[PDB]
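Asks: these chains are from a complex, not moved at all, and more is on the way:
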Amino acid sequence: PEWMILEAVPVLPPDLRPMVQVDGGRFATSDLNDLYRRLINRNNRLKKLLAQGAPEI
Amino acid sequence: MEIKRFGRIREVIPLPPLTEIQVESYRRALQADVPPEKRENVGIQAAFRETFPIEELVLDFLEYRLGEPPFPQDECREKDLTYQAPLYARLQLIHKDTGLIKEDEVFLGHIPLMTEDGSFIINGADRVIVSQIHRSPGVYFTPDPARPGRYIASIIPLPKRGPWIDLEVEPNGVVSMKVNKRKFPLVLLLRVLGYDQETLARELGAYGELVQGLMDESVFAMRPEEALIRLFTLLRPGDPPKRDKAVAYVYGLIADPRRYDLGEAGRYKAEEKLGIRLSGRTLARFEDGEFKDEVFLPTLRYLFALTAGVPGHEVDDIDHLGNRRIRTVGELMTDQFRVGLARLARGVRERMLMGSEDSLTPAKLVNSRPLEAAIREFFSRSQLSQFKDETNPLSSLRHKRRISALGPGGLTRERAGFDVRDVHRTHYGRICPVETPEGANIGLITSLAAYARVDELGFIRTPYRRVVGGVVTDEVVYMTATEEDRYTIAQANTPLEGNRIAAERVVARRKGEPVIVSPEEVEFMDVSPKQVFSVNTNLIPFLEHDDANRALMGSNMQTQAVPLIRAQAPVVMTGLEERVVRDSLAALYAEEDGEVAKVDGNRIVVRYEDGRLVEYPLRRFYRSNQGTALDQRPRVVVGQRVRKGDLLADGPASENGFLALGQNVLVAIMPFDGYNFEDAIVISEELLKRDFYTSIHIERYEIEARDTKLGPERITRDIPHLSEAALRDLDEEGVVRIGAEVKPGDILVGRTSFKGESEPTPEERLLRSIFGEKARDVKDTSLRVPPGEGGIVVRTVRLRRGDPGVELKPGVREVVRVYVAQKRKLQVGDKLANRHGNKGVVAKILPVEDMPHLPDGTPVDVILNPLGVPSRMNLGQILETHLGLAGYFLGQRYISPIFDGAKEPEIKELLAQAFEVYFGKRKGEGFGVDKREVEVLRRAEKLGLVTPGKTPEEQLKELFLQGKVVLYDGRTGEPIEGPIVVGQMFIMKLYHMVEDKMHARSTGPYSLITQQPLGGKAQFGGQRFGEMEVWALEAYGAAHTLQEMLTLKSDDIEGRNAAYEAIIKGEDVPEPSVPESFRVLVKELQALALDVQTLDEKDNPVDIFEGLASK
Amino acid sequence: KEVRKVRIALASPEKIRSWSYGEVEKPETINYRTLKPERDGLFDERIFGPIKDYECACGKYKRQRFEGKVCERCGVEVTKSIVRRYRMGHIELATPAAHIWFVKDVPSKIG
Amino acid sequence: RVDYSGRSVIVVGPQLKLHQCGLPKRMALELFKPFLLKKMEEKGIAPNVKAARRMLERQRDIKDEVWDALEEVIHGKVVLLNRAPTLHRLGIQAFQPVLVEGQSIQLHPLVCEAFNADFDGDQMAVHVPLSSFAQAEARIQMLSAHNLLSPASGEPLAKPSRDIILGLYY
């Protein structure tokens, strides 16, 4: 039952959430990358707040 | 030629300016021509006044001004620019402490300008802002669906300008108020407004059982401060009930004109419904430190009175056009303007904290980017901002008059049921009952009626003539639906001698209900039958004889008519086709009286009374949004005396100033060897020979050359590995020359791109070594003609970087545009239609000798199958054909108005005069009746068509009065065994043409993630074989056909490669492999933390990733 | 062997880590100047595989004679680029997080 | 989405036999293109497949023997015609194509009812079954002439209607 709680969160392969240069040299990218980025930022910040002994709030 | 017009109805007023719904709305919004001190608080002005003053230092609004457009309209379309004006605002920054005042005029960016015809130019493309129908703000009482003897009171303000409030009498008896999904007893809110039990008991006591449900002792115990804090804790749980915080929230919810706006229409409807007068657009006020009520007590009084059944209290019909209003261009744009302004204001307050609190100007305080963005977003990406339909001039005129219930602030398509889509009785004279889309949007997209106009409040009004005594005045009163319901209105065709009603009983409407009435009871009378229908619908002759379902298609299809090089106005018109060309702005007219000085293909110079010499340049072969050619032709000659309003040039699809959407062709109604089957149409090659139904089309092609990390793209004539045969028509610079004929595969603009760094495969190493030729650094990226396209090159535009007047988007060295034109003859698969909803695709083009023909040798043009008529019940096309026959021999055209038209006797009369020309001529020329004409006459008297005993001439005339003639089969020479209906019909070539739709693909582009073929003809796409197509293959049991669709012909990469290689080698196609999108699905489920495992019969893992994804 | 069955099951943190070819430690995507992927970011070639067939990132080992080699300098395996559609990464959370399907799908399975 | 597919406007083809359709030649050249490349090699039209493809790329380089080669390529083969919505299995039927000048697909009158097709501007999609197995399935199971009775009612589906009824009645 504890597998329903995640410790390691999987990261989908990049070609399935691509960052591609379109015709004009502009970049177009899948929304998952922004969702992963939100996740990573908050996780890293959590590691840092923990290391610095932040208050419980 | 002669034009004989029928009908006795005299319409006292002409049609209004047809685009006024657009033009006037926007004029009012910008108030550009009003000097600032004289502006009303409306539109852009009202938005500024709402946003300012920005309190926090205080920044105040003085006035705004609009500059001139940096570039004219033609230039904007050329350069892909928006036609717009610079917006400035004089703002003064004040320090309330010091008194210091710095005042400055800040530049807010640009605002788009409407052209003369009511459209916009946004990034080079013409756009239309479609009006949006919606619920009028106000106070409504609707029945409660759950509890029959109860009602719901809804207080509705303008969109985004406040919450809706719902008043209900709960089963427990206490009157509840619902705001932002929370409910509470209304008694609490009444106490905050300062009401006491004494005032409320005496006021509402008359309605017995309800007032006691309002009485709550605990609420009256607490003073207005305690009741206000109590309400704030109910509405915003968890937010600390600071007394200043509660006042602020409740003020913002009720009395704040910035956060709460009832309409001006909202105010009038409330005042009219509840019988009070509002000091403003808010439900209450904040005055002398407390809240003072305006609306709540009157709605509560009416609500109880309705539940109790007090006379004079009604529920509201919410689909009535008194309760439904239009939001036009000005209002929609102003709304987004108000939004951008609020964002800009947020930035101001945020800038009024930071920086130096001492040295600040308005230029330092204001960032206009939020405003520019809000407007830019509305015009480009809004749903109500649509690519203009300019297939033909009538297309855009109709587009400007459309009404949508969709869009921001409106209905979704699934959430829209029957009630909204219905033709309400109040649509009469306001919204056309006919012109609406077939399909999912039916009843949601509608069209403004011809005589209808939108008032300042946004309600559609329609004209009626006053009738006093029995006398019909010429004074017309424009009425809303609500005011129309008061009177008894006679039909427009009721007989008149002079101004007096000549009938003992008249046909009228009272609240839409038809009734027979005395001339003494007649208060008003319709202006015309034209007022019930849209402009497109008003263009259908004999509309009274057509079932509405086909008239719908007839209306809509005129929109799709292609401008023809030979276009003609119909021989049977309705009398609106001149006005449509004039309001369309396609045709060119003379300003004042004068004499024509010069006439050219390119220009017309006119010398007026003033002596001033005016030159009119003509738009020649310009490409519309849909690629039809807009081109103007001079209709006057050097030295011609013209009056004011005389035609100078014909626009597209007009003939001598009359709307020309098609051609007048000779039609025979008869089956023909099944080429007529199930709406297909047979046409004569003579139509192509004489260039009927030929249309010019222009396609625009574009290519960019940009900087890369690998080196420059270059537009050049030097392209690797191409023969001189391939480069023949390219100039020195690599652009195809004007006048060249280009076919699919041909280079339009030559271009090279630097090869992405790659190591040549050992095969290429060996190949290069064998032939001794260096692999070039650059690759051929040239723009070529796509499959199925091509024509003559009529224009090229080249824009480089670093040349005067032009700056491209970052990285782009140069841009080339090639305009390719084509003269399109009518062909098999092209779609024809008449104005009655008869539509069909051309299935056969016969040589002239096979065409059925008249005794005198004339072949018919088109053969239409009679099987299309009886189920469709559009008989107007038949009457059009009969009258068209008379006109063919008499050499005349007719104007038959809608519902007051040419009737059968009159058409017979013309047919008799026509028969004299068709026959009497022959008898003088020394020919008698034909043997085969006798045989047809024999079968005809067996049919009861002709009277027995009459002469052959007399019988032929009897048939001709029925619109039937003797017809010879061009193949045999023998007659058709019965007399056949033949005449002139007006038929249009629609915008759906096989040249555009034909597509095929072997292999081609695949999608990034799925590796499935792309979609659409423009992408070289594959057809979608969808869920339902798979069911079909499944029901056939075609397992291998289906498996091919799912693997080798789609995303099976190994499989599709192997299949191609096998076919070019003559081998049979190999067994398919795993579709790549299944691998995507597995990996997507792994990303969701689910383990998906393919297993064999032994339940052991099977690796469909072939070891590549496992360590 | 032939596929006769498809099983779907919950994935342990161990299994998720066995799938993973690396941990994505940074929100970075690709370098704004070089346009190559940023190390330890979402597109990293050391984790999800090479962008180009049988060619490492820095370009020391460019052909199939090395297949399975991992460039000491650039850290990329030399294999087919197709693997960027297949190889999974992972994020190591500082606090466990519930998988919402097992929370919000009523009646909740965890609940 | 699938390869070896196309779409066009449909037009009535009274002269067709029940197992036939009119297929525009320019569509057929693309749909069968790989087959055509092979056939263009057997006959001498091109040295090899690479040269053959390059010759078909430019429309002005296409000569008259390739049209004859394409007739040979498609010989005895059928294609699938589909019209949306595909409500039942007769929304797809197989026909032996008869190459035509012109850009319209020609549809046999008797199948219009099952497809709910008419000539007011309807379009249909074409598909090429590739393998011998797929082609066998199409010719045996899916061919229009082999499906004459409704799988729903058992009554005739392909039957006289409109003009046909009219002549016979008269």
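Replies: Received the coordinates, thanks. Numbers count the residues shown, from 1 in each chain, chains lettered A, B, ... in the order given.
Asks: Kindly report the residues of chain A close to chain B.
Replies: A:3, A:6, A:9-13, A:15-16, A:18, A:20, A:24-25, A:30 (C-beta under 8 Å from any C-beta of the partner chain). No exception for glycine: its C-beta is placed from N, CA and C like everyone else's.
Asks: In a markdown table, list those along with secondary structure and neighbour count.
Replies: As requested, the residues of chain A next to chain B are exported to a markdown table (DSSP: H, G, I helix; E, B strand; the rest coil; neighbours: other C-beta atoms under 10 Å in any protein chain shown):
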| residue | secondary structure | neighbour count |
| --- | --- | --- |
| A:3 | helix | 18 |
| A:6 | strand | 19 |
| A:9 | strand | 22 |
| A:10 | strand | 23 |
| A:11 | strand | 28 |
| A:12 | coil | 22 |
| A:13 | coil | 26 |
| A:15 | helix | 24 |
| A:16 | helix | 19 |
| A:18 | coil | 18 |
| A:20 | strand | 11 |
| A:24 | coil | 12 |
| A:25 | coil | 16 |
| A:30 | coil | 17 |
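Asks: okay if I get these as CSV plus distance to residue B:332?
Replies: Supplementary listing: these in CSV, determined by distance: C-beta to C-beta, whole Å:
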residue, distance to residue B:332
A:3, 53
A:6, 46
A:9, 44
A:10, 46
A:11, 44
A:12, 41
A:13, 45
A:15, 43
A:16, 40
A:18, 37
A:20, 36
A:24, 31
A:25, 35
A:30, 33
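Asks: Return only those of these found close to chain C.
Replies: Within these, those near chain C by C-beta under 8 Å from any C-beta are A:3, A:6, A:9-13, A:15-16.
Asks: now for chain E:
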Amino acid sequence: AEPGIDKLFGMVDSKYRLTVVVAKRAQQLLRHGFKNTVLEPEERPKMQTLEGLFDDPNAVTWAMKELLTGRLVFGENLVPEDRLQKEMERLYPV
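Replies: With chain E now in place:
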């Protein structure tokens, strides 16, 4: 309608088995270059070119005609697959 389709449906318990037999036979003909055919020179399906009559290239047309002759034997478990494949390549190489 395919020539003799009613008789072809007569020969099988399930219309789908006819399709399997036709398809497999056509694959045999293609693989072995038609030289394993059971037809006689005058029974060969023909195709009219600009030159004149040539052999029908279509293996599915061929296979159905062959079936109608009666000279083909079809069923399940008639012979091991490898043995069939090797015996056909011995009699008619590629």
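Asks: Spatially central, which residue of the chain would that be?
Replies: The chain I'm using is chain A. residue A:36 (2.3 Å; C-alpha atoms, centre = their mean).
Asks: Oops, wrong one, chain E.
Replies: Closest-to-mean residue, chain E, C-alpha atoms, centre = their mean: residue E:63 / 2.6 Å.
Asks: quick one on the thing from earlier: list the contacts of the residue nearest to the centre of chain A.
Replies: Contacts of residue A:36 were listed using C-beta atoms under 8 Å, 6 or more residues apart in numbering or on different chains, and they are A:11, A:17, C:24, C:27, C:42, C:91.
Asks: mind listing what's buried in stretch B:174-191?
Replies: Going by neighbour count (16 or more other C-beta atoms under 10 Å in any protein chain shown), the buried part of stretch B:174-191 is B:174-179, B:184-191.
Asks: For that stretch, what is the spacing between the initial and final residues?
Replies: 15 Å (C-alpha to C-alpha, to the nearest Å).
Asks: For the residue of chain E found nearest chain D, give me its contacts.
Replies: Chain E approaches chain D most closely through residue E:58 (3.4 Å), counting by C-beta to the nearest C-beta. Residue E:58 makes contacts with D:75-77, E:45, E:47, as judged by C-beta under 8 Å, 6+ apart.
Asks: at 7 Å what do you get?
Replies: By C-beta atoms under 7 Å, 6 or more residues apart in numbering or on different chains, residue E:58 lies in contact with D:75-77.
Asks: For the residue of the stretch 151-300 of chain B found nearest chain D, which non-adjacent residue is closest in space?
Replies: Here the residue of the stretch 151-300 of chain B nearest chain D is residue B:159; by C-beta to the nearest C-beta that distance is 37.1 Å. Distances taken as C-beta to C-beta, 6 or more residues apart in numbering or on different chains place residue B:409 nearest to residue B:159, at 4.5 Å, with adjacent residues excluded.
Asks: Chain F goes on too:
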Amino acid sequence: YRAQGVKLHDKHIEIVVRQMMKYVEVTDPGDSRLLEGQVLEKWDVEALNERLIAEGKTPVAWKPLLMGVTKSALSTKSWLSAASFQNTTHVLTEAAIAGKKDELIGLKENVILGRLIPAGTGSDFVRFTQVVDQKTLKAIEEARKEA
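Replies: Let me add chain F to what's already shown:
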């Protein structure tokens, strides 16, 4: 359908109603591992009950259950089938907890996998059918005689 003049064979409607009646609810578990109120396919409890009644055990008492086409479709044994229908997260969480194995019995499962469906020419009944010509047939026969 009759009122609209649509001739349609009862046979087809019967196929659907049959799928509507596919499931039963356990009234008493008997000697089995099943629970009271547990829902399962009618086939499986009939099979279980003949294994129990032939084993000398008290059979499961069950009740007929009627469910609409949507619920029945969502309840089918195949999780690829059910999850591609609708209610994808619900279907997928219950399937993943249970460790469900899709046996690829129906059409949708094989279509998703790009497999050859179990119908028509893909039916196991006609799929393995061999063709051989009389010359090769006798040739093979003589080869088998010489061993």
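Asks: can you check the contacts of residue E:58 again with chain F included?
Replies: Here residue E:58 is in contact with D:75-77 (C-beta under 7 Å, 6+ apart).
Asks: and with 6 Å instead?
Replies: By C-beta atoms under 6 Å, 6 or more residues apart in numbering or on different chains, residue E:58 lies in contact with D:75-76.
Asks: For chain A, see how far away it is.
Replies: Separation of residue E:58 from chain A (C-beta to the nearest C-beta, to the nearest Å): 41 Å.
Asks: Repeat that for residue B:799.
Replies: Distance, residue B:799 to chain A, by C-beta to the nearest C-beta: 15 Å.
Asks: what number of residues lie near that residue?
Replies: Counted with other C-beta atoms under 10 Å in any protein chain shown, residues neighbouring residue B:799 total 17.
Asks: didn't it look like it was pressed against residue B:806?
Replies: Yes. Counting by C-beta atoms under 6 Å, residue B:799 does reach residue B:806; the two are 4.8 Å apart.
Asks: Residue of the stretch 501-650 of chain B closest to chain E, please.
Replies: Closest point on the stretch 501-650 of chain B to chain E, by C-beta to the nearest C-beta, is residue B:553, at 38.4 Å.
Asks: Looks to me like that residue is in a helix.
Replies: Yes. Judged by DSSP: H, G, I helix; E, B strand; the rest coil, residue B:553 forms part of a helix.
Asks: Now do the buried residues in the helix or strand encompassing the residue nearest to the centre of chain E.
Replies: If you go by DSSP states H and E, residue E:63 is part of helix E:59-69. Within helix E:59-69, the residues that qualify as buried by neighbour count (16+ other C-beta under 10 Å) are E:59-68.
Asks: Ok, stretch B:296-308 next?
Replies: B:296-307.
Asks: Let's see which of those residues end up in strands.
Replies: Judged by DSSP state E, the subset of the buried residues of stretch B:296-308 located in strands is empty.
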